[PDB]
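Participant: Sequence and experimental coordinates follow.
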Amino acid sequence: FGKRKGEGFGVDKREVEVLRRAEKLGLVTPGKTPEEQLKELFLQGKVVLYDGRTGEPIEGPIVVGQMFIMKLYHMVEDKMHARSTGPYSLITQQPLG
Amino acid sequence: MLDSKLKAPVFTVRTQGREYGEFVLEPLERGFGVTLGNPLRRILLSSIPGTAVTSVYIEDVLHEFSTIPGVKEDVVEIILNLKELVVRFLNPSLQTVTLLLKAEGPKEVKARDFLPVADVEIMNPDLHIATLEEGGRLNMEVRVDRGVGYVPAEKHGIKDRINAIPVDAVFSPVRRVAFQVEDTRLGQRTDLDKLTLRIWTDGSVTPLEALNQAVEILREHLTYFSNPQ
Amino acid sequence: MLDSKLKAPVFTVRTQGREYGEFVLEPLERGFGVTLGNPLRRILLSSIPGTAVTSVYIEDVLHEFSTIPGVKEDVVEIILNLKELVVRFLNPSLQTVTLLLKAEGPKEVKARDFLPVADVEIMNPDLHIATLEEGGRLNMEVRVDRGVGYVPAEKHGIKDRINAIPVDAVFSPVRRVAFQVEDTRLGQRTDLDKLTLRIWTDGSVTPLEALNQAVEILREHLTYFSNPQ
Amino acid sequence: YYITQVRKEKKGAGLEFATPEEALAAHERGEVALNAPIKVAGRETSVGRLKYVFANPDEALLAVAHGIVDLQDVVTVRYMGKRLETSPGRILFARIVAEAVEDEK
Amino acid sequence: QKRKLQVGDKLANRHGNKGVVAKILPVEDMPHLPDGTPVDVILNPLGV
């Protein structure tokens, strides 16, 4: 928010609006300025987020952050097996691949 | 004009280079900054066209997973660095431009080392392509195209030379969009929307240009409501 | 035209009466149905200006929580029934029209009982205002205005007569908007947006008309990006 | 769930509107001020009910969309034949079902 | 062969939240912060 201050702009209708629902919630000390309220709200680990599809905010602060996440190895089974017809065992006549 | 129409969106602009461009527009009625900023954003990211490396041909290399002697980086690392390269051509006549570069020995290969082409410009000169040691022979041909969105190297499969290897297409010239709707006070009523949207661009096009294209795509779409049925 | 432009938004319409009107338009690129439906919605509700009862003055009543003798309904129920009243004036010259009505004795007071005004029309004649018993004296003046969106009676606080009581503003011919973006399959690629938005209207204007006005307000706003500064 | 829940915020000064007419006014202004919430423990109607009354069903949600009333806020609304003191969300849920199967009643 | 992340894949943090990709959203419309930077992945709270 410091850069936001200098870059030239303040707070949204949206940012204020989610604050309203946030104090009614109990995340921000009623009576303090939005600038101060947002700090409180940030320290809690959550910030305001807008939808992306509608541009409106998501009522209520939502946490966000840098979480490490790994990708897991795909086993041979992962190669989804689909079989129509095929071989058959010699003594047992049931399907075999 | 004097009263309601002179009281009109003062479109103000602030742009440095071809990458960043802020755009303020106020006053606006109730909840309109949002009404406008959001669609333009959605457009600015999905709809606008650009340039990205679509194919590469190292001369002695056959597959993408090879390593070139005297060359610290591996083929995959370099093809990766190329995706980072941002070019800019000036007119439609340039659909597919093949940039050429060949450097030898103890030199660092940067994007400025590509032989100049008439209507094309390289905004990413100092980008690092590779570090050549000694007896380091690197001679390649990197294709470049004008497209839109993301196109996996698998989807296009470019075929300039049989030993060439396609690269993933990174076409939106727009890096990121951002818009704020802060209150503004105009005389009588205080509730007022002030819409300012910040646009970032790889250089191919400019923030302003982008924005213009954007609003047009929207306009063009608002016309599609013509013939009932 | 044949390839990319003939493949154009097939604007299809389905409207019954002046209240309901479905509108489908496909195909659209990626995430465009949303990019369009949403703004149009935001406009359809706030911008298509309208008319709503902005103030009321019962002659012997002082506060909103009072009850009138010979009158079954209480002031709050009646002021509520007035919010249900839909009027329609023909030209700008009519910004604030005060409709007058006075009825006595064993009669049912409906909206048709208001004395006719030259440029104003009441689409809601049979609406029920009150049930007068005997010695039932009800003489009032209900204000009417042209605005946009929702305006709490607290926000405006209208002042015609000192004992009058403001009412909440319900301003749009549009009752409710609704849009869906379901996938559609067009030959080659499957990812496709299909935008269909359902509009409901009080009857004053039609869904189609509304929509047209809407898109225009948007267009008109996209032009405001003309003169830099 | 979240859509249908109702909220309660701060009880400081008197919660008695069931009886005085000076109770409507005073706690209406006091709520406009900073002391009485829109959702206060005040038996009959917290000033949140005092402030807004919605005629038809839709009216209710419109105010919500405009930023007047959150969905979880305690409001009064006129349904088919009753003045029902129920929240926005709750009224909305009502419709979801009412719509899913058109036999509304 | 190069394996670029896809809907079939499974990713999981060191804590144990394991899960599969169900939808790759266009940066166009996924949750975005006030400054234009959008989120990469949206994890469900219920799993916690």
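Facilitator: Nice, thanks for sending it over. Numbering: from 1, shown residues only, chains lettered A, B, ... in the order given.

Participant: which non-adjacent residue is nearest the residue minimising distance to the centre of chain E?
Facilitator: Nearest to the mean C-alpha position of chain E, by CA atoms, centre = their mean, lies residue E:41 at 2.8 Å. Leaving aside its sequence neighbours, residue E:41 sits nearest to residue A:69 (CB to CB, 6 or more residues apart in numbering or on different chains; 6.9 Å). The way it works is simple: take the backbone N, C-alpha and C, and place the C-beta from them, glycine included.

Participant: circling back to that earlier point, now the residue nearest to the centre of chain E, what are its backbone angles?
Facilitator: Main-chain dihedrals, residue E:41, degrees, to the nearest 10: phi -130, psi 140.

Participant: next one: residue B:138
Facilitator: With angles defined as degrees, to the nearest 10, residue B:138 sits at phi -130, psi 110.

Participant: circling back: please report how far the residue nearest to residue E:41 lies from residue E:14.
Facilitator: When distance is defined by CB to CB, to the nearest Å, residue A:69 is 9 Å away from residue E:14.

Participant: Residue A:87 too?
Facilitator: Distance of residue A:87 to residue E:14, given as CB to CB: 43 Å.

Participant: quick one, what contacts the closest residue to chain B within chain E?
Facilitator: Ranked by CB to the nearest CB, the top residue of chain E for proximity to chain B is residue E:36, at 3.0 Å. Residues in contact with residue E:36 (CB atoms under 8 Å, 6 or more residues apart in numbering or on different chains) are B:41, B:176, B:177, B:178, B:179, B:198, B:200.

Participant: Those residues also near chain A: which ones?
Facilitator: residue B:41 (CB under 8 Å from any CB of the partner chain).

Participant: Return the subset of the contacts of residue E:36 lying in helices.
Facilitator: Of the contacts of residue E:36, the ones assigned to helices by DSSP state H are residue B:41.

Participant: Just the buried subset of the contacts of residue E:36, written out for ChimeraX, thanks.
Facilitator: Restricted to buried positions by 16 or more other CB atoms under 10 Å in any protein chain shown, the ChimeraX selection for the contacts of residue E:36 reads:
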select /B:41,176,177,178,179,198,200
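
Participant: quick one: terminal-to-terminal distance for stretch B:197-207?
Facilitator: End-to-end span of stretch B:197-207 (CA to CA, to the nearest Å): 10 Å.

Participant: oh sorry, the question was meant for stretch B:162-173
Facilitator: First-to-last residue span, stretch B:162-173, CA to CA: 30 Å.

Participant: could you check whether it is close to chain C?
Facilitator: No. Looking at stretch B:162-173 against chain C by CB under 8 Å from any CB, there are no contacts, and the closest approach is 11.8 Å.

Participant: higher neighbour count, residue A:69 and residue E:14?
Facilitator: Per other CB atoms under 10 Å in any protein chain shown, whichever of residue A:69 and residue E:14 has more neighbours is residue A:69, with 13 against 9.

Participant: got the contact list for that one?
Facilitator: Residue A:69 neighbours (CB under 8 Å, 6+ apart): E:11, E:12, E:13, E:41.

Participant: what number of residues lie near residue B:182?
Facilitator: Residue B:182: 20 neighbours (other CB under 10 Å).

Participant: So which residues of chain B form strands?
Facilitator: Using DSSP state E, the strands of chain B run over B:10-16, B:20-28, B:49-58, B:87-89, B:99-104, B:108-110, B:120-122, B:128-131, B:137-148, B:150-151, B:165-166, B:169-170, B:174-183, B:193-201.

Participant: repeat for chain E
Facilitator: Secondary structure of chain E (DSSP E): strands located at E:10-12, E:18-20.

Participant: show me the contacts for residue B:167.
Facilitator: Here residue B:167 is in contact with B:52, B:53, B:54, B:55, B:56, B:79, B:82, B:83, B:153 (CB under 8 Å, 6+ apart).

Participant: Where does chain B get nearest to chain A, residue-wise?
Facilitator: residue B:38 (2.7 Å).

Participant: touching chain E at all, the lengthiest helix in chain B?
Facilitator: For chain B, the helix with the greatest residue count under DSSP H is helix B:207-223. No. Applying CB under 8 Å from any CB, one finds helix B:207-223 separated from chain E by no less than 12.3 Å.

Participant: Tell me the buried residues in that helix?
Facilitator: B:207, B:208, B:209, B:210, B:211, B:213, B:214, B:215, B:217, B:218, B:221, B:222.

Participant: Show me which of the residues you listed is closest to residue C:103.
Facilitator: Of all the buried residues of helix B:207-223, residue C:103 sits closest to residue B:222, with 48.3 Å by CB to CB.

Participant: How about residue A:74, nearest residue that isn't a chain neighbour?
Facilitator: The shortest distance from residue A:74 to any non-neighbouring residue, by CB to CB, 6+ apart, is to residue E:9 (7.2 Å).

Participant: near chain B, which residues of chain A?
Facilitator: A:8, A:9, A:10, A:11, A:12, A:13, A:14, A:50, A:53, A:54, A:55, A:56.

Participant: for chain E, same thing?
Facilitator: E:2, E:4, E:26, E:27, E:28, E:29, E:34, E:35, E:36, E:37.

Participant: For the nearest residue to the third one once chain neighbours are set aside, give me its contacts.
Facilitator: Leaving out its chain neighbours, the residue that sits closest to residue E:26 by CB to CB, 6+ apart is residue C:31, at 5.5 Å. Residues in contact with residue C:31 (CB under 8 Å, 6+ apart) are A:53, B:42, B:46, C:193, E:26, E:28, E:29.

Participant: Pick out the one among the residues you listed with the largest number of neighbours.
Facilitator: residue B:42 (28 neighbours).

Participant: Quick check: that one touching residue C:36?
Facilitator: No. Using CB atoms under 8 Å, residue B:42 makes no contact with residue C:36, being 9.5 Å away.

Participant: Spatially central residue in chain A, please.
Facilitator: For chain A, residue A:64 is the residue whose C-alpha lies nearest the centre (CA atoms, centre = their mean; 6.7 Å).

Participant: And that one, how far from residue E:38?
Facilitator: 10 Å.

Participant: Any figure for the gap between residue B:10 and chain D?
Facilitator: Using CB to the nearest CB, to the nearest Å, one gets 26 Å for the distance from residue B:10 to chain D.

Participant: Contact partners for the spatially closest residue to that residue that is not a sequence neighbour?
Facilitator: Excluding the flanking residues, the one nearest residue B:10 by CB to CB, 6+ apart is residue C:229, at 6.0 Å. Residue C:229 makes contact with B:10, B:11, B:12, B:13 under the criterion CB under 8 Å, 6+ apart.

Participant: interface residues of chain A facing chain E?
Facilitator: Going by CB under 8 Å from any CB, the residues of chain A near chain E are A:4, A:12, A:15, A:47-53, A:58, A:62, A:64, A:67-72, A:74, A:78.
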